[PDB]
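S.K.: I'd like to ask you about the structure that follows.
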Amino acid sequence: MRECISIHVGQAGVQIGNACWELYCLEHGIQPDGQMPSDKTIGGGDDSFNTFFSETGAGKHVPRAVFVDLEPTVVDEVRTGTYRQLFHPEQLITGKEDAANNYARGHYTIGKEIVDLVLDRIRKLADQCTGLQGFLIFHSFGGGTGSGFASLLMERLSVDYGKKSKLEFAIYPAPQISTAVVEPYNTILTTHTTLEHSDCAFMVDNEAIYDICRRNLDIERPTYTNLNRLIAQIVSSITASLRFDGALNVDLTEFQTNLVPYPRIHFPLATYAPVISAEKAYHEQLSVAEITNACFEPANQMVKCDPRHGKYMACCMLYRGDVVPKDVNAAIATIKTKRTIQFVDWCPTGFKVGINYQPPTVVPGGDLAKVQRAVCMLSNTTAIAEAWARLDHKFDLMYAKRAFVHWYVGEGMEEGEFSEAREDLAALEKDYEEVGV
Amino acid sequence: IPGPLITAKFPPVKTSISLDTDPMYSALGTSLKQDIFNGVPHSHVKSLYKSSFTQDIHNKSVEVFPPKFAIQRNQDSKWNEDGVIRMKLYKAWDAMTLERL
Amino acid sequence: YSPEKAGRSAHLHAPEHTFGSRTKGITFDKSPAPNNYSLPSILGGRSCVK
Amino acid sequence: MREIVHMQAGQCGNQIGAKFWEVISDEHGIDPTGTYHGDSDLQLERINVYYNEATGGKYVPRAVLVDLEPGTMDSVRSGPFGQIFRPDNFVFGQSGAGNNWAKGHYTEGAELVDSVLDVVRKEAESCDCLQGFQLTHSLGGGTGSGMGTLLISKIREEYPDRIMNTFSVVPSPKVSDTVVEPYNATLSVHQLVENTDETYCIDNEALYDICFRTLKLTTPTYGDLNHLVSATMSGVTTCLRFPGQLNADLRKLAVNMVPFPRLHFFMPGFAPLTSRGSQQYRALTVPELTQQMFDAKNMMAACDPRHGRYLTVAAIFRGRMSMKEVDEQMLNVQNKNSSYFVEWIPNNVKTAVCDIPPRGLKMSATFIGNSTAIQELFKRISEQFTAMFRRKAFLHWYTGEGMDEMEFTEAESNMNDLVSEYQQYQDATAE
Amino acid sequence: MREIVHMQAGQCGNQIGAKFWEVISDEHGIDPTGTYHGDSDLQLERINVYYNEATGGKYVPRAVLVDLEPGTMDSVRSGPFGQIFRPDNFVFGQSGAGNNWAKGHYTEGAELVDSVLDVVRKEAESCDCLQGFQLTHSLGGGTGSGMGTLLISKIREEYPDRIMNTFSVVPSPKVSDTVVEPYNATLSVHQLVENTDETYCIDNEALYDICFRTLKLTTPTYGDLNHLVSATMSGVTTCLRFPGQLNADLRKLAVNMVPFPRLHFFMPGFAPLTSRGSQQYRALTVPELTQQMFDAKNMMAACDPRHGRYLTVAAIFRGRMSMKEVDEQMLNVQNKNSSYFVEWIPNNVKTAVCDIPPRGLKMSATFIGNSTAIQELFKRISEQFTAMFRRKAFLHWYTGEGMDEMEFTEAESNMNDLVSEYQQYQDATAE
Amino acid sequence: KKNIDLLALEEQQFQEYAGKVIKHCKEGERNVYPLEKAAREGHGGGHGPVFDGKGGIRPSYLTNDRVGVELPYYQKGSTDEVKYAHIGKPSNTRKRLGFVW
Ligand SMILES: Nc1nc2c(ncn2[C@@H]2O[C@H](COP(=O)(O)OP(=O)(O)OP(=O)(O)O)[C@@H](O)[C@H]2O)c(=O)[nH]1
Ligand SMILES: Nc1nc2c(ncn2[C@@H]2O[C@H](COP(=O)(O)OP(=O)(O)O)[C@@H](O)[C@H]2O)c(=O)[nH]1
Ligand SMILES: Nc1nc2c(ncn2[C@@H]2O[C@H](COP(=O)(O)OP(=O)(O)O)[C@@H](O)[C@H]2O)c(=O)[nH]1
Ligand SMILES: [Mg+2]
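Chains as they are written, first to last, in PDB author numbering: chain SE, 1 to 437; chain 1d, 252 to 352; chain 5N, 102 to 151; chain TF, 1 to 431; chain SF, 1 to 431; chain 3N, 460 to 560.
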């Protein structure tokens with residue numbers, strides 16, 4: 001009815017897809033084999049799955065995801081794991097050679113071959129729909145197929161599909177944590193080429209998730225599984241109003257026009273609360289005021305950027321659970337009393353609210369615990385300028401004497417595209433400063 | 252506790268509507284009539300003449316059997332009526348003897 | 102007096118009737134055709150998916 | 001005591017006529033075997049219009065089934081209410097000639113037309129005063145649109161006095177389903193003009209629109225469409241079969257509805273066609289029946305009545321009602337929607353009420369509109385035909401079976417002549 | 001037999017319509033199936049005002065439900081009293097306006113307006129009086145505002161002499177709950193000003209304050225607020241359905257409120273609103289009933305009438321109740337403080353008295369106050385609009401579907417003209 | 460009332476055939492699920508409630524577009540539980556806002 005195709009690309013895409021589709025299946029009650037036990041003699045008419053799962057006429061809920069990657073390892077791990085018969089094996093596209101963390105290799109040489117295959121797959125999953133709300137691409141700015149193949153995917157999808165909203169979850173490089181070294185080159189290039197093709201671009205920093213998991217979830221040694229549990233809860237709280245009955249239900253296109261002031265600035269921050277574990281959530285009530293203050297707490301954001309060094313241009317809060325609207329407005333007004341939350345000069349109506357009824361779903365083995373109410377807050381701030389300057393300094397400091405450039409030249413991209421991307425992000429920095437002052 | 256309009260258009264009146272249909276005609280119907288004309292057919296509906304001009308009008312009529320302002324016959328009625336036949340005959344005889352002559 | 106006329110609010114008004122017309126619909130946006138994608142070659146030399 | 005025969009031609013016409021006999025057989029209370037088992041005596045009061053007595057208390061339809069392919073015909077025989085026709089009116093063909101007006105009128109069908117005329121003559125002088133014929137066909141094939149129109153011409157030169165009905169399914173831009181439909185339709189309209197007294201142009205596109213957006217059917221198939229067409233046929237020729245407050249004979253409608261001798265292409269309609277869910281939410285009255293009659297959604301052709309002028313309009317009501325309110329509602333539609341009516345014909349609606357309702361709902365009313373918006377269907381068929389004709393596509397079959405471009409272009413000329421006649425009486429200056 | 005066609009626009013519109021139809025079904029004694037189970041004949045004597053007639057003892061609402069998101073129509077259908085609504089009056093789309101007045105007015109939404117006007121025509125000429133139409137919309141949403149304004153424009157173009165009241169959930173002063181709500185509110189008021197006949201501006205924060213301070217209730221949800229708004233609807237259109245000692249209909253209320261055409265934004269208000277535990281501490285008579293209705297806490301809008309001047313005040317009292325006391329208190333509030341009252345209208349109170357109290361009360365009252373203190377809400381909306389518009393914030397969304405900044409400048413010109421008009425008629429002296 | 464009873468007879472006559480075929484297929488060890496999905500109580504194509512008051516019909520709510528597309532169903536149990544956890548059987552709104560009499 002209101003469908004959303006998930007476009008998991010890269011190793012980050014595959015892992016986030018695993019830890020997000022397990023949450024989706026257990027939230028809708030769908031077993032790993034595909035069937036729903038779900039006491040079908042009683043009721044069973046709920047079409048709440050018809051955003052992510054497609055029928056077969058037999059009770060098989062085939063999902064709406066295209067797991068695309070260049071190395072076969074993670075996709076074959078999916079095809080071997082417990083969610084093996086759940087996914088259509090023509091939906092899990094894989095290549096042979098990795099992009100080797102090259103935007104040029106993933107966009108010009110290797111990505112040019114299987115993009116047609118995955119786009120035909122998108123065509124089949126798109127005309128197996130009754131009206132498409134928007135694609136959701138879970139990619140990484142780290143480098144490779146998560147930056148170049150996602151580039152080619154969006155550059156083809158913008159031409160092919162109308163307006164057709166193109167939500168982004170991005171693994172932004174952390175300020176100091178990095179598993180790679182061509183991360184600034186790849187991030188500059190993919191930001192420049194997806195600037196005019198993206199509609200919202202939620203970045204998340206792995207360092208910030210590490211801090212959140214070590215502080216709030218009480219995990220001494222977190223990992224990518226827990227990180228993707230947090231990402232899964234974020235995306236579930238975002239597109240829960242498309243699926244479940246709510247009071248002030250807020251679907252996929254509402255929080256685009258209520259959050260994006262200008263088409264170039266489409267880079268919000270996603271904050272989830274409460275991220276408290278079981279042994280400490282034993283100890284206090286997680287009321288609406290407490291979780292709203294937790295979202296506006298600056299050491300709970302998932303990109304390592306200080307929001308106090310910035311102006312909140314827009315804020316869209318999605319409450320989920322046992323939530324009452326006078327408490328919503330009381331918490332928002334108590335937030336607006338504080339002067340250390342500085343909304344931007346030209347937007348006094350800085351809040352867009354949504355309320356969904358069903359409490360968020362817990363997973364049996366994850367460290368996030370079962371709460372009866374939660375908040376997902378998506379905010380455009382001017383505080384991403386410090387992160388963009390942090391990565392700009394690294395790009396200029398590596399491109400001053402031409403490190404790791406002959407590889408991009410050899411697998412295809414010319415010398416000048418680095419300068420075009422450089423001036424594009426300089427223009428974006430000036431745009432952030434101008435809309436901030 | 253009833254009411255005028257409430258009783259007027261929720262009548263507690265149990266009429267005798269026939270619907271004496273064979274349970275084979277009633278099964279050949281309502282299978283064509285599964286989506287179009289999905290309703291109990293109106294076999295009780297008669298024609299306008301058949302339902303308006305009934306014998307019950309004559310049964311419930313309380314008209315006096317002699318209408319008290321009607322003219323009678325009399326002792327010279329039949330002779331006066333057949334006198335018109337005389338007029339026809341004994342003028343036609345003269346006319347047709349004139350036709351012959 | 103002629104009360105045979107002037108009867109819009111006098112007696113019970115039978116409903117003046119309009120005409121109906123069909124509806125077109127939302128006219129959904131374009132989906133990018135089945136011909137538009139040329140699938141990569143499988144039979145021959147080096148392939149990319151097989 | 002006036003009777004009309006039925007002649008089914010082609011696969012479409014045979015299925016539609018089979019459903020027509022199958023829905024009027026239980027309207028008159030008839031067994032699948034043929035014996036009477038209905039409720040009222042008024043079902044058998046007028047039975048000679050469609051039926052004949054047999055030995056015992058059973059009835060045989062006065063119908064001739066004509067098609068060149070035995071599969072459709074024996075499917076009709078093996079279907080429900082199939083064991084009621086006389087097995088001597090079934091005239092099969094030899095080949096499967098099909099979608100070919102030459103392989104209809106000129107070849108194959110000319111070898112069968114003698115036997116069909118013989119069996120029609122046998123069914124025709126088997127009655128005391130024949131009123132007319134109704135034939136069911138589609139202008140897309142080569143059997144319904146070909147030798148069926150040959151039968152129409154032969155009947156016209158045989159009995160040039162009787163009322164003629166052709167319930168023709170005519171092609172549509174959508175739901176086209178055939179590639180030689182403009183050729184067949186343009187070749188068939190030429191014979192349909194000067195050889196019939198009244199035609200009923202029915203669109204599969206409008207039938208699907210009614211069956212999907214008004215009846216809300218999950219599986220619409222063709223039995224439901226034939227049910228709609230058959231209900232329209234019964235609503236048309238109900239005044240011959242049942243007494244009414246005033247009645248509408250077929251010749252009465254022919255006199256009242258075609259003003260000039262070549263404008264007898266009527267689009268039909270029916271009310272109330274309502275969904276099972278929404279049937280309990282509307283009551284059944286003459287005012288809303290007028291809406292569901294005059295609505296363009298419930299018109300059985302894809303014409304837009306706002307794109308033209310109503311020349312004449314029917315309202316053949318069927319049920320228990322007051323026709324003070326029927327007549328003033330037929331007045332009120334003309335009083336409001338005065339733009340879409342010809343101003344040189346005052347009160348251009350012929351109404352009738354035929355007392356005994358159709359089986360089911362309490363009321364109904366069928367519609368016959370001689371709008372000038374049927375020229376959309378004719379103009380579109382003509383432009384598709386002349387698009388396919390200049391490049392001479394799919395013409396070698398017709399030239400091999402025997403035609404020429406002379407006959408093709410004279411059919412084109414007469415076809416645009418009919419379009420011009422309707423455009424002449426469309427919106428212009430009356431005085 | 002005067003009557004209103006009701007219209008629900010947007011998510012807020014469908015919820016408000018659901019609660020309104022629930023409360024007046026309870027008022028007229030109608031179960032969710034649609035059958036009369038009440039006892040008094042006065043509950044049924046005037047039921048054609050809001051209910052049509054169906055097959056049986058059914059009573060369908062005369063409502064049209066419009067939305068561009070399927071979830072709200074799902075909620076209204078599958079909740080309580082969803083059985084009573086017609087499936088064809090559920091007219092809706094799938095894409096969604098998405099909080100955009102442009103995407104609810106110019107693009108898709110103008111694609112539904114033909115169907116919605118078809119249904120409005122349907123139940124509008126299925127009438128005999130048609131006192132008017134009603135739109136229970138919200139200002140601050142896409143299909144709540146843009147679709148609603150388009151429908152008001154088309155309906156006022158077709159039927160220009162009929163009552164066209166709207167119930168206009170206006171944006172809150174504090175806590176926005178929507179970002180582009182100043183754009184939507186300004187660009188929707190710009191249409192309401194020269195389109196509608198009367199408007200009851202209702203504010204969610206004021207309803208929260210009522211449901212929290214006065215009725216206690218701590219958690220006020222949305223059902224309570226919606227039942228206040230629906231009770232205000234019943235208190236408005238109660239003297240048209242039920243007999244009264246001195247009754248006032250919608251036309252009478254509009255005439256006695258608006259002195260000039262562009263002054264039709266009023267103050268809702270209801271009395272008595274007391275808690276469970278405070279219901280046995282206060283006597284329920286005319287003095288308490290009028291002072292709790294004139295209390296500025298009780299003001300259902302979001303602007304204090306203490307700073308401002310009343311143009312006119314409507315008091316719709318309800319119950320078998322003496323009215324010397326009513327007239328004396330309407331006199332006495334003016335004589336106590338005529339400073340918050342225009343001196344160029346000598347007795348600026350319209351008063352109606354209805355006999356039958358609302359279902360569940362002995363005696364109640366309803367406030368409709370045309371005041372010059374509503375100008376600060378409009379000034380607030382104007383200043384938020386120009387604060388968000390001088391930097392061209394959130395403007396590409398509206399300009400992408402076919403408008404420009406010229407329309408926004410015209411909307412602000414009209415908005416500031418009405419603000420200056422309210423200031424002029426506030427500060428104008430008698431002589 | 461006879462039309463409502465005819466709809467009830469239609470449902471109780473379809474369901475015995477549906478149960479016979481479902482039991483035969485369950486004895487034959489098939490999937491059964493498409494048959495059980497098709498054999499749902501109601502008289503329309505909608506995915507909504509049965510609407511037992513109005514003769515047990517799940518009406519067909521359709522979108523105005525090129526291809527119809529029925530209105531879905533989203534009302535779960537937990538959503539209804541947290542929806543009515545504070546308000547408590549929605550007719551209680553009237554009793555909550557005073558309105559006792
Ligand atoms: N949060 C999170 N980040 C991930 C995950 N997997 C990979 N990443 C990030 O992705 C960055 C590199 O991109 P990868 O996804 O590992 O590789 P790729 O996108 O498939 O492209 P290739 O390197 O050519 O294989 C690393 O710096 C990681 O921080 C994950 O599961 N969760
Ligand atoms: N309404 C209706 N139309 C039909 C049916 N069967 C076929 N048609 C139409 O008839 C056309 C084909 O014509 P055909 O039956 O082959 O003509 P024939 O050569 O005389 O048999 C198709 O375009 C269909 O739309 C039916 O059962 N009902
Ligand atoms: N009174 C009331 N207000 C509502 C309701 N739903 C939403 N609102 C308010 O209306 C605004 C959103 O309007 P919305 O319903 O999204 O408009 P739409 O998108 O056009 O349907 C929010 O600020 C809410 O405060 C409701 O059911 N009742
Ligand atoms: Mg990889």
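Even for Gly, the Cβ is constructed at its ideal location relative to N, Cα and C.
Let me check you understand the geometry: is the CB of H137 (chain TF) closer than 8 Å to at least one non-hydrogen atom of ligand 2?
M.R.: Checking the Cβ of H137 (chain TF) against ligand 2 gives yes.
S.K.: Closer than 8 Å to a non-hydrogen atom of ligand 1 - does that hold for the CB of residue 489 (chain SE)?
M.R.: The structure shown does not extend to residue 489 (chain SE), since chain SE is modelled only from 1 to 437, so the question has no answer here.
S.K.: In terms of residues, what are the limits of the alpha helix (DSSP H) holding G45 (chain SE)?
M.R.: It is not in any alpha helix (DSSP H) - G45 (chain SE) carries neither H nor E in the DSSP assignment.
S.K.: Tell me whether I42 (chain SE) is buried or exposed, calling it buried when 16 or more other Cβ atoms sit within 10 Å of its Cβ.
M.R.: Per the 10 Å Cβ criterion, exposed.
S.K.: Between the stretch 114-143 of chain 5N and chain TF, which residues of the former have a C-beta closer than 7 Å to a C-beta of the latter?
M.R.: The residues in question are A115, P116, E117, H118, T119, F120, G121, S122, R123.
S.K.: With distances taken Cα to Cα, identify the nearest neighbour of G109 (chain SF) among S75 (chain SF), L151 (chain SF), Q245 (chain SF).
M.R.: It is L151 (chain SF).
S.K.: Is the Cβ-Cβ distance between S267 (chain 1d) and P243 (chain TF) less than 9 Å?
M.R.: In this structure, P243 (chain TF) does not lie closer than 9 Å to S267 (chain 1d) by Cβ.
S.K.: So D67 (chain SF) is in the beta strand (DSSP E); what residue range does that whole segment cover?
M.R.: Counting along the chain, the beta strand (DSSP E) containing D67 (chain SF) begins and ends at 63-67.
S.K.: Among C20 (chain SE), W407 (chain SE), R123 (chain SE), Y432 (chain SE), whose alpha-carbon lies nearest the alpha-carbon of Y108 (chain SE)?
M.R.: Checked all of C20 (chain SE), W407 (chain SE), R123 (chain SE), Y432 (chain SE); the closest Cα to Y108 (chain SE) is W407 (chain SE).
S.K.: Name the DSSP bridge partner or partners of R241 (chain TF)?
M.R.: DSSP lists no partner for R241 (chain TF).
S.K.: Please compile the residues from chain TF whose C-beta is within a distance smaller than 8 Å of the C-beta of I516 (chain 3N).
M.R.: Going along chain TF in sequence order, the residues near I516 (chain 3N) (Cβ under 8 Å) are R276, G277, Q280.
S.K.: Taking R213 (chain TF) as the query, report the chain 3N residues whose CB atoms sit under 9 Å from its CB, ordered along the chain.
M.R.: Per Cβ cutoff of 9 Å: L521, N523, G527.
S.K.: Does the Cβ of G10 (chain SE) lie closer than 8 Å to at least one heavy atom of ligand 4?
M.R.: Yes, ligand 4 has a heavy atom inside 8 Å of this Cβ.
S.K.: Just confirm the distance between the C-beta atoms of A231 (chain TF) and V23 (chain TF), as a whole number of angstroms; I'd bet it's less than 8 Å.
M.R.: Their Cβ separation, rounded to whole angstroms, is 7 Å, which keeps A231 (chain TF) and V23 (chain TF) in contact under 8 Å.
S.K.: Compute the beta-carbon to beta-carbon distance between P63 (chain SE) and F395 (chain SE), rounded to the nearest angstrom, for a pair I have assumed lies under 8 Å.
M.R.: In fact, because the Cβ distance is near 37 Å, the residues do not count as touching under 8 Å.
S.K.: Is the stretch 540-558 of chain 3N touching the stretch 313-325 of chain SE, taking contact as three or more C-beta pairs under 8 Å?
M.R.: Enough Cβ pairs lie closer than 8 Å, so yes.
S.K.: Write down the C-beta distance between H28 (chain SF) and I47 (chain SF) rounded to the nearest angstrom, noting that I regard them as a contact closer than 8 Å.
M.R.: The Cβ separation is near 6 Å, so the contact holds.
S.K.: Run through the stretch 360-388 of chain SE for me and flag every whole beta strand (DSSP E) of 3 or more residues, listed as ranges in chain order.
M.R.: Correct list: 373-381.
S.K.: Given that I481 (chain 3N) touches chain SF, what residues does it touch there, using C-beta distances under 7 Å?
M.R.: Ordered by position in chain SF, no residue passes the 7 Å Cβ test against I481 (chain 3N), which lies about 27 Å from the chain.
S.K.: Please name the residue, chosen from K535 (chain 3N), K548 (chain 3N), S519 (chain 3N), that lies closest to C211 (chain TF) on a Cα-to-Cα basis.
M.R.: Here the closest residue by C-alpha is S519 (chain 3N).
S.K.: Between the alpha carbons of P268 (chain SE) and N14 (chain SF), how many angstroms are there, rounded?
M.R.: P268 (chain SE) and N14 (chain SF): Cα-Cα distance of roughly 32 Å.
S.K.: Taking 9 Å as the threshold (beta carbon to beta carbon), is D88 (chain SF) in contact with chain TF?
M.R.: So, interface residue.
S.K.: Could you name the residues of chain SF that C200 (chain SE) contacts, counting a contact when the two beta carbons are closer than 9 Å?
M.R.: Within 9 Å Cβ-Cβ: nothing; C200 (chain SE) doesn't reach chain SF, min ~13 Å.
S.K.: Name, please, each residue of chain 5N whose Cβ falls closer than 7 Å to the Cβ of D295 (chain TF).
M.R.: Correct list: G121.
S.K.: Measure the alpha-carbon distance for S176 (chain SF) versus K352 (chain SE) and round it to whole angstroms.
M.R.: The straight-line gap from Cα to Cα measures roughly 7 Å.
S.K.: Verify the CB distance criterion: does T55 (chain SF) have a CB-CB separation below 9 Å to chain TF?
M.R.: True, the Cβ-Cβ gap to chain TF drops below 9 Å.
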